[PDB]
Amino acid sequence: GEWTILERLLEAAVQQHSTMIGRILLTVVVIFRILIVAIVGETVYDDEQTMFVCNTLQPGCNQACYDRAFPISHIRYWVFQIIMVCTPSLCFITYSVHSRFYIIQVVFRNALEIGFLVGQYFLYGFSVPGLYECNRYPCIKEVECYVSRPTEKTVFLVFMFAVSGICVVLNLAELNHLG
Amino acid sequence: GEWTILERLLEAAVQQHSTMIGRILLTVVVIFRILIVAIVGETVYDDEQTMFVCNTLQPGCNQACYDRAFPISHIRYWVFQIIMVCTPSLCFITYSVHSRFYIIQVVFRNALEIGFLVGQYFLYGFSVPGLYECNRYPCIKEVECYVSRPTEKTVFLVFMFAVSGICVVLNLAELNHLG
Amino acid sequence: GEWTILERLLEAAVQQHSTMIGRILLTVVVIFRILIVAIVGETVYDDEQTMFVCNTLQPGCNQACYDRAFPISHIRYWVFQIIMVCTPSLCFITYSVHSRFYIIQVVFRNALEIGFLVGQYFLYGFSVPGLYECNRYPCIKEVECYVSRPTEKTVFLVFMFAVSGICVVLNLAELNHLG
Amino acid sequence: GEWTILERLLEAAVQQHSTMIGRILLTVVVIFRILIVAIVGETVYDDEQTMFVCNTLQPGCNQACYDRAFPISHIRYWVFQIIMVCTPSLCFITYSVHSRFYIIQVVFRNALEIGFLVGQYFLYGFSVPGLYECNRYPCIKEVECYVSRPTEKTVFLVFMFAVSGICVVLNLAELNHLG
Amino acid sequence: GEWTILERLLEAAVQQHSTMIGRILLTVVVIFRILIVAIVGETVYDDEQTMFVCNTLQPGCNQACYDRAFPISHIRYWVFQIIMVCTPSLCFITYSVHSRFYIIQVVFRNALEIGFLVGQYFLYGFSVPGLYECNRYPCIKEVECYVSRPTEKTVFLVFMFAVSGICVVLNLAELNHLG
Amino acid sequence: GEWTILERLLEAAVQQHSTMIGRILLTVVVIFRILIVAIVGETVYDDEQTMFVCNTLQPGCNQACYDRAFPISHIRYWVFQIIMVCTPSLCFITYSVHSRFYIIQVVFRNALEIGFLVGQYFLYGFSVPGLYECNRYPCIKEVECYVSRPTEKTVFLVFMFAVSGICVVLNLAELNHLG
Amino acid sequence: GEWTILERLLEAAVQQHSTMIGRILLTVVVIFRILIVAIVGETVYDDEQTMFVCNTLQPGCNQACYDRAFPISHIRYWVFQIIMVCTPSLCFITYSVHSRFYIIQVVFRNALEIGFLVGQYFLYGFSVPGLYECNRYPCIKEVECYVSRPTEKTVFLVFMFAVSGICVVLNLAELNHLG
Amino acid sequence: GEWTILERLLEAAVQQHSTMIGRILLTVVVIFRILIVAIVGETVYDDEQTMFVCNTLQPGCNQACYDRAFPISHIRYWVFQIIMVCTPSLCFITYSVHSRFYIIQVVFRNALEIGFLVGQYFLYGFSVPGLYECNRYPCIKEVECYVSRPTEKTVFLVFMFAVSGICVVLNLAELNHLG
Amino acid sequence: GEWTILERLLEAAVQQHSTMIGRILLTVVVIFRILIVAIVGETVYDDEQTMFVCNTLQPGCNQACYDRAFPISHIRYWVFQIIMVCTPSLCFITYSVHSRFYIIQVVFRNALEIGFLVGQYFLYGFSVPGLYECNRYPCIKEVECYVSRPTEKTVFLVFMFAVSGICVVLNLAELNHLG
Ligand SMILES: CC(C)CCC[C@@H](C)[C@H]1CC[C@H]2[C@@H]3CC=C4C[C@@H](OC(=O)CCC(=O)O)CC[C@]4(C)[C@H]3CC[C@]12C
Ligand SMILES: CC(C)CCC[C@@H](C)[C@H]1CC[C@H]2[C@@H]3CC=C4C[C@@H](OC(=O)CCC(=O)O)CC[C@]4(C)[C@H]3CC[C@]12C
Ligand SMILES: CC(C)CCC[C@@H](C)[C@H]1CC[C@H]2[C@@H]3CC=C4C[C@@H](OC(=O)CCC(=O)O)CC[C@]4(C)[C@H]3CC[C@]12C
Ligand SMILES: CC(C)CCC[C@@H](C)[C@H]1CC[C@H]2[C@@H]3CC=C4C[C@@H](OC(=O)CCC(=O)O)CC[C@]4(C)[C@H]3CC[C@]12C
Ligand SMILES: CC(C)CCC[C@@H](C)[C@H]1CC[C@H]2[C@@H]3CC=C4C[C@@H](OC(=O)CCC(=O)O)CC[C@]4(C)[C@H]3CC[C@]12C
Ligand SMILES: CC(C)CCC[C@@H](C)[C@H]1CC[C@H]2[C@@H]3CC=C4C[C@@H](OC(=O)CCC(=O)O)CC[C@]4(C)[C@H]3CC[C@]12C
Ligand SMILES: CC(C)CCC[C@@H](C)[C@H]1CC[C@H]2[C@@H]3CC=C4C[C@@H](OC(=O)CCC(=O)O)CC[C@]4(C)[C@H]3CC[C@]12C
Ligand SMILES: CC(C)CCC[C@@H](C)[C@H]1CC[C@H]2[C@@H]3CC=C4C[C@@H](OC(=O)CCC(=O)O)CC[C@]4(C)[C@H]3CC[C@]12C
Ligand SMILES: CC(C)CCC[C@@H](C)[C@H]1CC[C@H]2[C@@H]3CC=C4C[C@@H](OC(=O)CCC(=O)O)CC[C@]4(C)[C@H]3CC[C@]12C
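This is the structure we're talking about:
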């Protein structure tokens, strides 16, 4: 992934006036989200489908049950969330050199943070179990499948949920501050 | 992929005078297309032929049915589209330092955007199913094949179609603005 | 891993006034931790699950016993520790350009160093043996499993424990210096 | 490996006053060690365990005999040696901007060079044979194993020993020069 | 099978006085039962467990589901029935050379014929299907298994049931004849 | 197969008065049917299911398509026909020692010969092809299967049909002779 | 097995004077033991070691656990018992043509019948389970193994125990008769 | 094969008056044909299709090329020839107990011997080579196949041709003797 | 094995005058040797080389170590011994119909019995262990191999040694009787 283009864009997008809460929120976003996703998370989800196995002899059942158990990977959801959260801060380049803008940005950023947090709760939950039960064609009746590295993905889920809750609390604090 | 050469060329190609609609179009192109293709999309289509399987014993039938089901990969079509869309904006370097030019650029950019959107509709459609039916030599009669990660590629297709429709609407808005 | 973003952040975060002990601690952190993790350690833990084998015919027992023997990889724990240790020094950017701060930073850095050292002692220990005994479902009764590169991971464990003990001694020396 | 961080640190660490012998030693270190390890040596030791085979049917005997024959890889020992040798020259950044220092640096650098040369002689020797005899559990009695690319690793061993002997001779020449 | 010992015993056991119905019953028994079992039936049930397959990867599930689907083979039940039916006629050798005996023999032969016919109805039924559903340990949940030569074993079942019904009708005819 | 019991029964069953046509029919039956089935035919149909293959990866499709292509083996049909044809001649033992009988025997033997000849025509035909097309569950759509020793089974079919036609012509000749 | 030599020897050994109980015992021995072992039992124990499987990857563990679970096959024990029981009746040929002898024969036959019945109880028991637990070298710790055709061997065990108990009761009846 | 039925039939068929040449012909037939086919030849052609291999990956090509190279096995042709040659001598049982007959028998026996000798020359030839070239569907273009035990089948072919030529010479000698 | 030819020869060879000890010896030979070898022993040694395995990857090492561990099978040694022991009793047919002969026969029979008993002690011993150690070419150094059915072959060895010792004691008793 070409993270240096996003780095240079975020360097040119952090020149806008911000409050204390906004700078604490940017510090949490830079440290607890970007460096961890861009350094640690890529290799964890590397052998997700290679080391996914099911107890059957039916061709094509592994693909069906893997696609049914993990519709979207965690890492790609987090990368999309990171890109979308910083979008309101990237519209400053277009709107500047070319206080209502600040309020609109804050409102949109709060709505995005809450939407992504709720979507993360509904998509995944709080844990990744080590077994899965599958009843999708072409598999015959119900079969059982086994997952790769479930403990380290439960740890990743819990850590990301905690960081997103912190950023949501700071967003609501600043929203109350504006009034 | 060497995306930093395109970055430096687009940095030297965005010095041309543009309208408000043109800057909104460039912002949508930079955010919703380049960062997602250059960060997220490369790894999704990595095991497309390795995890493609068919129910047969005939040598060479997997290659024939994979080539018949996916004549061109989605990711390479999107990269070519990204390069071609920014071509009219890259001819400014040749035509400058060396308002009719602006109008010609707008006309060509609208024609390219509509051509690629229609070609994307005719090549792929709106969904990627999880099964395929193949009747190509050397396969005997019709055989059935199974696809890798179909839900996340339906999600990618829908997202790209929405972004291309937004950029087409802005292109027609600016075309009407010029008159 | 994108270590150059952390490099540029640590270049912009080392402009704070520091004592002699703090500069010796930063030199030990830069040399004995970052260059070794960022150059040497990545390739050692590359085939940890591919070259992990157990003596059984049960599908899914390799995944269960590998997840039970190594809940979190050493390399990811060390990367997270490196990021967290430098966090108090990365809050200077937010708190500066925007002596109590120095004392609070020292207290938090000492607490983090001791917490990570104790957690490393409780998670892993001092050696990595070459055999493992597993009694987790779906494995039948107890089975025996064999580990990849155990001597070079015992060497890595001992080296990291020695460096962390040195940095803890310097942190307590500076804490006594402040009084 | 992130060799550009070490490059930038060595660029900022070569601003210290040095003698003629010290500059010849730095030239030999830069050319005959860093460029060869950082360009040529990484790919040679890539399939060391994949292309290591033994004549047996016992599960887990390949891991035991590979770990017994190569406790530490040559390439990682050389990288650690390169980092440690340049450490005395990297303490100048801390000790400068913040002739006894020069003498202490020379003494420590000579001790490190001799220690690593003797350790390299005792760990490996002068050649890498193409056969190995193993009598480690779980292997039954003694078994025979075959090695990958032994001639090119004997060539690498001899070349590195010659370069280290040259740098040791220059270190003792400068030590005599100081008196 | 040593059928010639039974042949010589039945040659020495058919010297007893019998009625017309008893000789018709012996003719049906000799032709429609002994020659067909002793010539045709042995090879049909030769690959019953070798060509029995189930859709699973679990060791030991084939043995469990084959033992659950066919507790006793058809051919061995028929051989035991043939031996037991001729037992009352083989007690004449002991009771002769050494009309109440004739009546007791007829009563016992009728009871045996009806018992075996009812047991054959309850054990097997009228058809052998080509699929089986198994939920026995160590198989996980329910699995599906496929049978070898089901049409020719349905034909064998129907033929044997018809012959046994004919012999039962003749036994009841003679029982009524005695009064 | 225990053919010597049938031999001894046919030796004790050929003591009945017969015409010239009946003795020619018995000679054709003894030579062209019993010796060939009892010597030559057993080994030809030994590997019928072992050397039967289909082009698929579906478990259980070989059993389904083999059972659909050969509901009853040729050799077992011929053995049953041989036993049934000689049945009217085996009722002489019961009816003798214990000319209307001769006429009834001739009528029943002609009816059996014609019934078996017509059934052989409808079951099999005149040739055994080397390919088969199968569309039975669990096979997906239509698959193609290959047969073992088809030329030698076409030769066997033609030879048996010719011999049965000769015996039918002699049976009708004797039936006309009686009037 | 050459059962016709034993047949001819038992034909020449049954010319001795015997009582009513002795003839009933010989009838039970001839029918319920010899014909069933010589016709039915040989094929049941044909694939005992081929269809015996264990859940392991260790070479040589199948042989060790099969030899530990079935030290002597049931069928060979029954054949030896049949030969030994008829031995006292086969010494009449030597002692005749060449009432104390009759009494000695009865005493020895009763002792043999009781010894074999008790040995059968202690060797096997009353049932054959479908699972076995093995802890014999070279198997690692305890492993689990699966048995072939356990229900039909429990049926065989029960039938043989019932017949042996009947023959023991008749032997003790005749022993009391002699006084 | 049940050769004892043919033995007993040939014992009852050699009671006809014969000349010296006819008895020499019967001696050659009994010794050089029946004992060798009935003792030696059965096991040679046992693994003809199991040990027949071709250099391809196409399913079903082995069956096609084996059926094309050996339309009828040598051993079955020889058994049929043996049965047919003795047929004229087996019609004596029907024609006797029930010199023109002798002449008709001699004429038919000579015609059969010459027909079978010429058919053996045209079907097979004089040698069995060790390679075969096959261009039959489903094989792609021409493929090469390898034969099992070719030298011992060339020896068998030559021996049988010599014996058949001797019997043909004796048949023509006796035909000339009759005139 | 054609044991009925030996049966008929031993029936025609037991017409010679013999003493009481000679008839007891013939009874022990007929019962405890011929019926057990001809009924029980053939199937025990059926899978001796198929179920013999060694822990290696070297082609041809199984054949070498099996031939080194079992130079001659037990069953073939016992069959040869049975044939040779009865040879002196088979020379009576030649020497009769065509008391010094009796003495010479007794002397030769005693010498043969003692020679075979001593040879059996030196060839095999008293037990068959379950492991074997092999150091024969092409095996590399020493390897370990595992044996099939060792307990039932130790039982067979002990039983045969006991019977041979009984027959040797009776032979020496009769030798002393002659004087
Ligand atoms: C996360 C995905 C699924 C939807 C992403 C939608 C974005 C494309 C949204 C989120 C932030 C939104 C922007 C937030 C702020 C505004 C400012 C608004 O203009 C101003 O505040 C300045 C001019 C004025 O004062 O009216 C125009 C719309 C815009 C750009 C919004 C348009 C819709 C945006 C770009
Ligand atoms: C997407 C693929 C399949 C075709 C790509 C074709 C391009 C090579 C096209 C699209 C944009 C086009 C250019 C758009 C604008 C013009 C300007 C035109 O010149 C001017 O407007 C300036 C001089 C003048 O005023 O006449 C000369 C042709 C050119 C470069 C066009 C030539 C053909 C181009 C390069
Ligand atoms: C390692 C993981 C599991 C927890 C990481 C928690 C961090 C997010 C902690 C460790 C360092 C802490 C900071 C260390 C120093 C302080 C300074 C404190 O403010 C000051 O010293 C300046 C203003 C003043 O003088 O009060 C406010 C809290 C803060 C940022 C702390 C908040 C909590 C932080 C960021
Ligand atoms: C290779 C591994 C196994 C051990 C690496 C140990 C290093 C951490 C050693 C080697 C070089 C040593 C340094 C070489 C020079 C000196 C200078 C000495 O101070 C001075 O010369 C300046 C002040 C003065 O003049 O006293 C303080 C110790 C120090 C940093 C040494 C401390 C121990 C160091 C850092
Ligand atoms: C099929 C299996 C499960 C049970 C087999 C039981 C047999 C052992 C049965 C069936 C036939 C029975 C026999 C049928 C006839 C009689 C005759 C009866 O004696 C007489 O009729 C003659 C003396 C008299 O007139 O009393 C003594 C019992 C006996 C042998 C019966 C005893 C029990 C037998 C042998
Ligand atoms: C081939 C299969 C499917 C059916 C086999 C049916 C047989 C059991 C048939 C064919 C020959 C038939 C027999 C042919 C001749 C007669 C003679 C008939 O009696 C007599 O001719 C003698 C007494 C008299 O003169 O009436 C009684 C029926 C019976 C035995 C027939 C009964 C039915 C039989 C046995
Ligand atoms: C089942 C296995 C383990 C041991 C088999 C031992 C046999 C060899 C036993 C069982 C029956 C026994 C025989 C039973 C009867 C007698 C009769 C006895 O002589 C007589 O009764 C007749 C002369 C006399 O009246 O003394 C001599 C011993 C002998 C043959 C016994 C010797 C030992 C025998 C042969
Ligand atoms: C080898 C296969 C392909 C054909 C086998 C045909 C047989 C069935 C042939 C060969 C010998 C032939 C027989 C040879 C001798 C004669 C004698 C002939 O009658 C006599 O010689 C006696 C009465 C008389 O003198 O006319 C009637 C035909 C018959 C049986 C022939 C009929 C046709 C037979 C049986
Ligand atoms: C077991 C194998 C390895 C050697 C087998 C050798 C046999 C072929 C031996 C054992 C018994 C021997 C026979 C035992 C008895 C004698 C009798 C002897 O003649 C007589 O006693 C009758 C005439 C006379 O009184 O001299 C001639 C040799 C011969 C047949 C012996 C010749 C050698 C024989 C056949």
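Residue numbers (UniProt numbering), protein chains in the order written: chain A, 2 to 99, 196 to 276; chain B, 2 to 99, 196 to 276; chain C, 2 to 99, 196 to 276; chain D, 2 to 99, 196 to 276; chain E, 2 to 99, 196 to 276; chain F, 2 to 99, 196 to 276; chain G, 2 to 99, 196 to 276; chain H, 2 to 99, 196 to 276; chain I, 2 to 99, 196 to 276.
From the three backbone atoms N, C-alpha and C, an ideal C-beta is built for every residue, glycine too.
Residues that residue i bridges to, as DSSP identifies them
{"i": "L228 (chain D)", "result": "D:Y243"}
{"i": "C55 (chain G)", "result": "G:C242"}
Residue i: first and last residue of the uninterrupted alpha helix (DSSP H) it sits in
{"i": "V41 (chain A)", "result": "Careful: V41 (chain A) lies outside any alpha helix (DSSP H) and carries neither H nor E."}
{"i": "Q202 (chain A)", "result": "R197 to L220"}
{"i": "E8 (chain A)", "result": "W4 to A14"}
{"i": "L26 (chain F)", "result": "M21 to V30"}
{"i": "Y78 (chain D)", "result": "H75 to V86"}
{"i": "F93 (chain G)", "result": "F93 to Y96"}
{"i": "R69 (chain E)", "result": "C62 to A70"}
Residues near residue i by beta carbon distance below 6 Å, same chain, minus five either side
{"i": "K250 (chain C)", "result": "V225"}
{"i": "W79 (chain B)", "result": "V38"}
Any non-hydrogen atom of ligand 7 within 6 Å of residue i CB
{"i": "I201 (chain G)", "result": "yes"}
{"i": "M85 (chain G)", "result": "yes"}
Ligand 6 heavy atom lying under 6 Å from the CB of residue i
{"i": "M21 (chain E)", "result": "no"}
Any non-hydrogen atom of ligand 8 within 6 Å of residue i CB
{"i": "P89 (chain H)", "result": "yes"}
{"i": "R77 (chain F)", "result": "no"}
Distance cut-off 6 Å: residue i Cβ against heavy atoms of ligand 3
{"i": "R233 (chain E)", "result": "no"}
Counting pairs of Cβ atoms below 8 Å between the segment 54 to 68 of chain F and the segment 51 to 71 of chain H, do you hit three or more?
-> The segment 54 to 68 of chain F vs the segment 51 to 71 of chain H: in contact.
Any 3 or more C-beta pairs closer than 8 Å across the segment 230 to 242 of chain A and the segment 220 to 239 of chain E = Segments in contact, yes.
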